[PDB]
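Novice: my sequence and its experimental structure, below.
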2 protein chains.
Amino acid sequence: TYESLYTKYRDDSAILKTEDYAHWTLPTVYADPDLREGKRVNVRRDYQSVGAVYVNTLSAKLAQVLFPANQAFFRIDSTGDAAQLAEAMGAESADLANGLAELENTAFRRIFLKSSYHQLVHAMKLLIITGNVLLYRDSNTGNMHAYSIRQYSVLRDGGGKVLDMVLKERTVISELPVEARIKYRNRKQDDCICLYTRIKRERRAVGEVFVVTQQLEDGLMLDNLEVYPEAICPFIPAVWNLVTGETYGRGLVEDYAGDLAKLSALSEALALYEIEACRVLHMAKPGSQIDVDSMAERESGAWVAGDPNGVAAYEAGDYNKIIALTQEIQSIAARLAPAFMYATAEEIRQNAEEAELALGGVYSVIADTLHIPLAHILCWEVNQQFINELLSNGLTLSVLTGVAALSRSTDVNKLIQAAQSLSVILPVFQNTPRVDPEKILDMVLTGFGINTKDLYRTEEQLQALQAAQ
Amino acid sequence: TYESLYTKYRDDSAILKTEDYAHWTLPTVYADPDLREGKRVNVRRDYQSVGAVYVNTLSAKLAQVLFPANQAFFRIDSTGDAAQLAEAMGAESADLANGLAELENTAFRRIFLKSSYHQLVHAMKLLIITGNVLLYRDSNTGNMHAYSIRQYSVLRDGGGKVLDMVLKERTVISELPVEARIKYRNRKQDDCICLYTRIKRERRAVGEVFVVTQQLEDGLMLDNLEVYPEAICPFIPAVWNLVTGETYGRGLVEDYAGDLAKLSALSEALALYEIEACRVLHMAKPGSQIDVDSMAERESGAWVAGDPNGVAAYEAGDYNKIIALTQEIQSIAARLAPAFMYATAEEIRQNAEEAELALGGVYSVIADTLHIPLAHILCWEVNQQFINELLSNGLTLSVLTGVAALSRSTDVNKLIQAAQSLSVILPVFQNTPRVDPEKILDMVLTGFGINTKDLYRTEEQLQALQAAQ
């Protein structure tokens, strides 16, 4: 009876309010799937297209910053406890730094298989306009899909923890498993049948757990029970702005509804004036001597008798109004521009920082709510054994995010500077025997923020080098 | 009776609505083939030509970005499972990297044989204007063809999976096989006869399958049964924008119909004024002393008696209206410009990124829906055995797309930078024996994102080099 839960957990007020926001920017992203059965039903548009362009540009731009195509978007600290991390893979105490880097480098490419990038862009659009999205990642094939709030509903506490979810989907009988298709032997046409999925949180001895099950419209279960640890669950609900106490988030467009509402009416008035500007009439002045028939029926080049100014073109003075309205609309549009950001790894650094400045602190929220689970899922896909050992014991991987994934990104810059300075300081002091070069080295290296333990040689290596002479 | 299915699967509303979009941009691309039998039937044009220029420019530009002429448009990851991939070709563990690169480099040239590029451009036009296209690739010869929704119809579930298709085509009796031409012995003229093809999805033990069959108008089958795995099917339906629940997609032009509709009327009014500006009349003022006969019939150079201002040229004041209308039309046209993008491998990178920014996230959709099957088809054409082994077992090739085919494109840039930095850091630290050069190497290389396993020498090679002394 998952239909009962699905209906119970909905919020009609938010669904009804979020129609205008879509109507002002991109109506086709928020279309109701329950009013159509495979045929077009018309969708109306608005008198202005500024919102569409702004939203398209911002959604396209956000994808490049969050998911760069030539470097990983997450880093592993590993400073917590190297013992267990090294014991899981079975490597030396120092080879962990190389192994983690190899895993991170080889893992992030998996996000570009089987059209995931397009779904990511669609999810960004959904988050910007409606502020809610559910993301499903299939490990067997490598494909993803994004859903709107018209196909799912969630339940959470006052503290924000998600407790339950239900998802609706439509299909046909031919797609069902052989076990369940023995029933419904009649009516084996391409008739549509609904399917429901439920995700529920539960706790076992070694931690919390998510349980997945499925059911048809008429109560019948379909087995397929699966259990995942909370860290590697394939379902990811996300929010843009979440007011404490509520269940669903809010979008960026909701903060700027007044300007769009004030712009649509001006656009309508401009359209009315432009349509009025298409009257082509010629007026014959009354009280003037003219020969209308000859003027209107003679071939070009003839001579006629009458005043050379007895006929004039219709004039209403509506051009100045168009000129005036255009300037006001342009001024409002320009004033709205900054809010929507309309205009080597360091380039990505600066772009992300400027996105932080423009958005106001949501880039960090998006990074926090998306980067953490995807990293675990991809790492599990690339190496099952290593993650299985970590989850069974209870401890979990540490990941850095929030414009802070520069752990292995821009350390070479801090080494180049040290090398440049060491080439200027050491040539001097070579003659003076009172200054120890080792202390200068140990001061300069630590000054720039480099852990000397990853560069200095061990005692055994020095002894071997001295012996090899 | 494939005619019944063909008629059943059509959507008349979309077909009737999509006429205006073609009429505003390029009427000849959407002409009905069932109203003509080999003779011209006139096609009407519109008062404005902005849409035609914009569509031509965008369609021409899109082809260069998607299908560059001097590098492959797809890359193979191979990180999934090198065991089976190496076992299929019969190569070593490390020679796979070279073999895959060779295959990718030698495969992509096949797209330029026998006039495929023109069909690709036509398909891009069709996608932009109507948002639907069916693409057929013939392996025997190397030619392609593109069809509009006036010649085919498709069926899909609520989830978007395509289940069935039907295609219509016209020909003559002389083209039929000898087996079927024994019938229809009479009427062996060049009379036109229709032909129908059906593509249906079905599942067998080792995966899903597509079945192709043909039939004439009068029920008679023509044999030619063929079976393809779903991955290497030669038919590819595509969409530009697909609203969940519906069957056919939507085009880019549909988002900007209001501006074009508002522009056509202004163009008509401008044409009316321009036609009015062709009245050449001379008016003889009433109440003035003049000698009209002498003025109008004497040779040039004569002297006449009369006022020097008794005759004036006709004046209606319609020039200012032309000046005004031109500015408004130009302003609207300029405002429409950005939406249609009107204005070394890195150049292609930047061009594709800017296309991503302008379009709003469709470049990725087009790449996802076109690159994946064409890669498999071309690879099968260049090497049948390798693909046959992979498909029989069940596993499939992994391909990267969505402005993410840079796997083997721009790795040399990340190596040049490392080489430049290594030439500045290693000259220093040569005197200090406390810093190990190997650790600096292993840090700098991994910092830029290079898998050291493809550069470092193995233990055996080092031993051999040491012995060779």
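Specialist: The structure has been received and is ready for your questions. Numbers count the residues shown, from 1 in each chain, chains lettered A, B, ... in the order given.

Novice: neighbours of residue A:208, how many?
Specialist: Each residue near residue A:208 was counted by other C-beta atoms under 10 Å in any protein chain shown, and the total is 12. From N, CA and C alone the C-beta is placed, and that goes for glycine too.

Novice: how far is the helix or strand where it lies from where the chain is centred?
Specialist: Per DSSP states H and E: residue A:208 is located in strand A:207-216. Between the centre of strand A:207-216 and the centre of its chain there are 27 Å (C-alpha atoms, centre = their mean, to the nearest Å).

Novice: for the stretch 251-400 of chain A, which segments count as helices?
Specialist: Remark: helices assigned in the stretch 251-400 of chain A by DSSP state H, counting those that start in this stretch are A:257-276, A:292-297, A:319-336, A:345-359, A:363-382, A:384-393.

Novice: you'd agree residue A:420 is up against residue B:424?
Specialist: Yes - the pair residue A:420 / residue B:424 is scored as a contact, 7.5 Å apart, by C-beta atoms under 8 Å.

Novice: for residue A:387, which non-adjacent residue is closest in space?
Specialist: residue A:380 (4.5 Å; C-beta to C-beta, 6 or more residues apart in numbering or on different chains).

Novice: check contacts around the closest residue to chain B within the stretch 151-300 of chain A.
Specialist: As assessed by C-beta to the nearest C-beta, chain B sits closest to residue A:170 within the stretch 151-300 of chain A, at 3.5 Å. Listed by C-beta atoms under 8 Å, 6 or more residues apart in numbering or on different chains, the contact partners of residue A:170 are A:33, A:192-195, B:157-159.

Novice: that older thread, what about the strand holding residue A:208, near chain B?
Specialist: No - figure legend: strand A:207-216 not in contact with chain B (C-beta under 8 Å from any C-beta of the partner chain); closest approach 14.6 Å.

Novice: ok, the residue nearest to residue A:387 - how many residues close by?
Specialist: 20.

Novice: and stretch A:385-404, end to end?
Specialist: 28 Å (C-alpha to C-alpha, to the nearest Å).

Novice: residues of it that come out buried?
Specialist: A:386-387, A:390-391, A:396-397, A:399, A:401 (16 or more other C-beta atoms under 10 Å in any protein chain shown).

Novice: now, among those, which is nearest to residue B:231?
Specialist: Among those, residue A:387 lies closest to residue B:231 (C-beta to C-beta), at 30.1 Å.

Novice: okay, and the beta partners of the residue nearest to residue A:142 when sequence neighbours are not counted?
Specialist: Nearest non-adjacent residue to residue A:142, counting by C-beta to C-beta, 6+ apart: residue A:113, 3.9 Å away. Beta-bridge pairing for residue A:113 (DSSP bridges): residue B:400.

Novice: please list all residues in contact with residue A:113.
Specialist: Applying C-beta under 8 Å, 6+ apart to residue A:113 gives the contacts A:142-143, B:77, B:398-400.

Novice: export those residues to CSV and tack on distance to residue B:337?
Specialist: Listed next are these as CSV, based on distance: C-beta to C-beta, whole Å:
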residue, distance to residue B:337
A:142, 39
A:143, 36
B:77, 39
B:398, 40
B:399, 35
B:400, 33
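
Novice: ok, back up a step: I figured the residue nearest to residue A:387 hits residue A:397, correct?
Specialist: No - with contacts counted by C-beta under 8 Å, residue A:380 stays clear of residue A:397, the gap being 10.2 Å.

Novice: need the overlap of contacts for those two.
Specialist: Common neighbours of residue A:380 and residue A:397 (C-beta under 8 Å, 6+ apart) are residue A:387.

Novice: quick check: residues of the stretch 201-350 of chain A near chain B?
Specialist: Near chain B, when you scan the stretch 201-350 of chain A using C-beta under 8 Å from any C-beta, you find A:271, A:274-275, A:277-278, A:280, A:282, A:289, A:295, A:298, A:300-309, A:311-313, A:319, A:322, A:326, A:344.

Novice: at 7 Å what do you get?
Specialist: Contact residues (C-beta under 7 Å from any C-beta of the partner chain) of the stretch 201-350 of chain A with chain B: A:271, A:274, A:278, A:280, A:282, A:289, A:295, A:300-309, A:311-313, A:319, A:322.

Novice: all strands of the stretch 51-200 of chain A, in order?
Specialist: A:75-76, A:132-137, A:144-147, A:152-156, A:162-172, A:192-204 (DSSP state E, counting those that start in this stretch).

Novice: quick check: neighbours of the third one in the sheet, parallel or antiparallel?
Specialist: Using DSSP bridges, the neighbouring strands of strand A:144-147 in the sheet come out as strand A:132-137 (antiparallel).

Novice: what comes into contact with the partner strand?
Specialist: A:123, A:126-127, A:144-147, A:149, A:152, A:234-239, A:248-249, A:377 (C-beta atoms under 7 Å, 6 or more residues apart in numbering or on different chains).

Novice: convert the strand holding residue A:208 to PDB, retaining C-alpha atoms only.
Specialist: The C-alpha atoms that make up strand A:207-216 are tabulated as PDB, following Å, rounded to 0.1, in the frame of the first residue of the first chain:
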ATOM      1  CA  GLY A 207      25.400   0.900  12.100                       C
ATOM      2  CA  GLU A 208      22.500   2.300  10.200                       C
ATOM      3  CA  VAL A 209      21.100   0.800   7.100                       C
ATOM      4  CA  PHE A 210      18.800   1.500   4.100                       C
ATOM      5  CA  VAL A 211      16.300  -1.100   2.900                       C
ATOM      6  CA  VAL A 212      14.800  -1.100  -0.600                       C
ATOM      7  CA  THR A 213      11.700  -2.900  -1.700                       C
ATOM      8  CA  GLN A 214       9.200  -2.600  -4.600                       C
ATOM      9  CA  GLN A 215       5.500  -3.200  -5.100                       C
ATOM     10  CA  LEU A 216       2.900  -3.000  -7.800                       C
END
